[PDB]
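Coordinates as given in target_2.pdb (PDB, C-alpha atoms (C1' of nucleotides)):
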```pdb
ATOM      1  CA  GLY A 546      10.486  71.725 -12.302
ATOM      2  CA  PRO A 547      10.696  68.619 -14.493
ATOM      3  CA  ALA A 548      13.555  70.164 -16.489
ATOM      4  CA  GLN A 549      14.755  72.303 -13.553
ATOM      5  CA  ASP A 550      15.126  69.540 -10.958
ATOM      6  CA  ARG A 551      17.575  67.979 -13.411
ATOM      7  CA  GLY A 552      19.433  71.287 -13.185
ATOM      8  CA  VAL A 553      19.654  70.840  -9.412
ATOM      9  CA  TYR A 554      20.901  67.277  -9.918
ATOM     10  CA  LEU A 555      23.587  68.412 -12.359
ATOM     11  CA  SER A 556      24.485  71.314 -10.059
ATOM     12  CA  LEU A 557      25.057  69.359  -6.845
ATOM     13  CA  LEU A 558      26.804  66.579  -8.796
ATOM     14  CA  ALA A 559      29.135  69.214 -10.307
ATOM     15  CA  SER A 560      30.560  71.188  -7.367
ATOM     16  CA  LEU A 561      31.228  67.927  -5.489
ATOM     17  CA  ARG A 562      32.816  65.580  -8.055
ATOM     18  CA  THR A 563      35.746  67.982  -8.469
ATOM     19  CA  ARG A 564      36.662  67.575  -4.795
ATOM     20  CA  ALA A 565      37.322  64.337  -2.922
ATOM     21  CA  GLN A 566      33.757  63.825  -1.628
ATOM     22  CA  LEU A 567      32.480  62.063  -4.746
ATOM     23  CA  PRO A 568      30.964  59.136  -2.779
ATOM     24  CA  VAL A 569      27.558  60.585  -1.918
ATOM     25  CA  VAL A 570      24.371  59.094  -0.458
ATOM     26  CA  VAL A 571      20.988  60.655  -1.271
ATOM     27  CA  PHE A 572      18.244  60.006   1.280
ATOM     28  CA  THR A 573      15.193  59.975  -0.964
ATOM     29  CA  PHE A 574      12.005  59.646   1.091
ATOM     30  CA  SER A 575       9.924  57.727  -1.463
ATOM     31  CA  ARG A 576      10.370  54.234  -2.881
ATOM     32  CA  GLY A 577       8.705  55.361  -6.114
ATOM     33  CA  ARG A 578      10.523  58.567  -7.037
ATOM     34  CA  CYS A 579      13.848  57.075  -5.930
ATOM     35  CA  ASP A 580      14.008  55.208  -9.235
ATOM     36  CA  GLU A 581      12.657  58.307 -10.983
ATOM     37  CA  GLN A 582      15.708  60.299  -9.884
ATOM     38  CA  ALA A 583      18.186  57.843 -11.405
ATOM     39  CA  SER A 584      16.056  57.206 -14.505
ATOM     40  CA  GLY A 585      16.017  60.819 -15.691
ATOM     41  CA  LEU A 586      19.740  61.646 -15.636
ATOM     42  CA  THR A 587      21.265  58.830 -17.749
ATOM     43  CA  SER A 588      24.789  60.346 -17.886
ATOM     44  CA  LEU A 589      27.267  60.364 -15.025
ATOM     45  CA  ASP A 590      29.920  57.788 -16.119
ATOM     46  CA  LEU A 591      31.779  58.255 -12.815
ATOM     47  CA  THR A 592      33.861  55.114 -13.239
ATOM     48  CA  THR A 593      37.344  54.369 -14.560
ATOM     49  CA  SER A 594      37.789  51.724 -17.246
ATOM     50  CA  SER A 595      40.000  49.608 -14.942
ATOM     51  CA  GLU A 596      37.396  49.371 -12.164
TER      52      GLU A 596
ATOM     53  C1'   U B   1       4.113  64.230  -1.292
ATOM     54  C1'   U B   2       2.767  57.365   1.547
ATOM     55  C1'   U B   3       8.763  55.042   4.980
ATOM     56  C1'   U B   4      10.413  50.379   8.583
ATOM     57  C1'   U B   5       9.748  45.191  10.289
ATOM     58  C1'   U B   6       7.177  40.508  11.316
ATOM     59  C1'   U B   7      12.431  32.431  11.348
ATOM     60  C1'   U B   8      10.805  27.174   8.999
ATOM     61  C1'   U B   9       8.646  21.341   5.271
ATOM     62  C1'   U B  10       9.192  15.158  13.258
ATOM     63  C1'   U B  11      14.050  13.540  15.714
ATOM     64  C1'   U B  12      15.365   7.868  15.471
ATOM     65  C1'   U B  13      16.925   2.756  13.644
ATOM     66  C1'   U B  14      22.720  -2.149  13.165
ATOM     67  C1'   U B  15      15.061  -6.889  16.367
ATOM     68  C1'   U B  16      15.440 -13.054  19.232
ATOM     69  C1'   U B  17      11.731 -17.014  18.236
ATOM     70  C1'   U B  18      13.302 -24.593  18.782
ATOM     71  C1'   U B  19       6.079 -27.057  14.512
ATOM     72  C1'   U B  20       2.934 -30.946  11.130
ATOM     73  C1'   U B  21      -3.061 -34.927   7.845
ATOM     74  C1'   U B  22      -7.421 -35.411  11.017
ATOM     75  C1'   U B  23     -10.306 -33.492  15.215
ATOM     76  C1'   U B  24     -16.776 -35.337  17.947
ATOM     77  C1'   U B  25     -22.566 -40.285  18.076
ATOM     78  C1'   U B  26     -28.065 -42.239  16.196
ATOM     79  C1'   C B  27     -31.444 -48.100  17.969
ATOM     80  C1'   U B  28     -33.842 -53.086  17.257
ATOM     81  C1'   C B  29     -35.135 -54.888  12.072
ATOM     82  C1'   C B  30     -40.943 -62.094   9.380
ATOM     83  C1'   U B  31     -36.572 -63.174   2.358
ATOM     84  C1'   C B  32     -43.992 -67.000   0.503
ATOM     85  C1'   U B  33     -44.636 -72.837  -1.417
ATOM     86  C1'   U B  34     -43.386 -79.608  -7.060
ATOM     87  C1'   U B  35     -39.039 -81.839  -4.362
ATOM     88  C1'   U B  36     -35.489 -85.340  -2.967
ATOM     89  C1'   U B  37     -31.068 -81.890  -4.141
ATOM     90  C1'   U B  38     -29.748 -83.286 -10.519
ATOM     91  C1'   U B  39     -24.963 -85.649 -11.755
ATOM     92  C1'   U B  40     -22.475 -91.344 -16.745
ATOM     93  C1'   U B  41     -22.139 -90.202 -21.870
ATOM     94  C1'   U B  42     -20.262 -87.610 -26.648
ATOM     95  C1'   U B  43     -19.402 -83.749 -29.982
ATOM     96  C1'   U B  44     -15.731 -76.787 -27.900
TER      97        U B  44
END
```
Could the structure of this file be written out as structure tokens, please?
Amino acid sequence: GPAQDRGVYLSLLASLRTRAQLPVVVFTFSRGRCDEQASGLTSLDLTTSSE
RNA sequence: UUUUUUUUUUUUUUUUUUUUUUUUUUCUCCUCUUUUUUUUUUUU
């Protein structure tokens, strides 16, 4: 769902950032919805202030 | 619920020269009447 797919995004990006496999590649199969995935999350901040 | 790939505006430049206005035709051709020829001279 529109508000439940975000739940999937914040589920997979939760049980994987704790461990060492934080670099992740998502193979979206559409040029259109690829930007839609990133647009509707808006909060990951997975960067240190030095980098 | 619609991915991936399909080049672009020709290359070249560091060659010598010792002439001179023009330019080229037109043929022979009946002259009518007072004359010898007047004349110095002086006033500029």
- Query: Residues picked by the PyMOL selection byres ((chain B) within 10 of (chain A)) here, as a VMD selection string?
  - Reply: chain B and resid 1 to 3
- Query: Any idea what the distance is between CA of residue 567 in chain A and CA of residue 586 in chain A?
  - Reply: 16.8 Å
- Message: Residues within 12 Å of residue 552 in chain A, please, as a list in words. Count all atoms listed in the file; anything in the same chain fewer than 6 positions from it doesn't count.
- Response: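 Surrounding residues, per the criterion: residues 546, 558, 559, 585 and 586 of chain A.
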- Task: For each of A:578, A:556, A:549, A:568, take the minimum atom-to-atom distance to residue 592 in chain A, counting all atoms listed in the file, then give the residue where this is smallest.
- Result: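 Ranked by minimum distance to residue 592 in chain A, first place goes to A:568.
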- Message: Quick check, in Å to one decimal: how far apart do CA of residue 591 in chain A and CA of residue 562 in chain A lie?
- Response: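 Going from CA of residue 591 in chain A over to CA of residue 562 in chain A covers 8.8 Å.
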- Task: Go ahead and compute the interatomic distance for CA of residue 594 in chain A and CA of residue 573 in chain A, in Å to one decimal.
- Result: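 Here the two named atoms are 29.0 Å from each other.
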- Task: Rank A:595, A:570, A:589, A:580 by their smallest atom-to-atom distance to residue 555 in chain A, using all atoms listed in the file, and report the top residue only.
- Result: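 Of the candidates, the smallest distance to residue 555 in chain A is held by A:589.
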As JSON, please report the centre and edge lengths, rounded to one decimal in Å, of the axis-aligned box that holds all listed atoms of range 25-37 of chain B with 8 Å of padding on each of the six sides.
```
{"center_x": -33.6, "center_y": -62.8, "center_z": 5.5, "size_x": 38.1, "size_y": 61.1, "size_z": 41.1}
```
- Message: Taking only C-alpha atoms into account, name the residue in A:569, A:564, A:548, A:554 that is nearest to residue 582 in chain A.
- Response: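 Using only C-alpha atoms, residue 582 in chain A sits closest to A:554.
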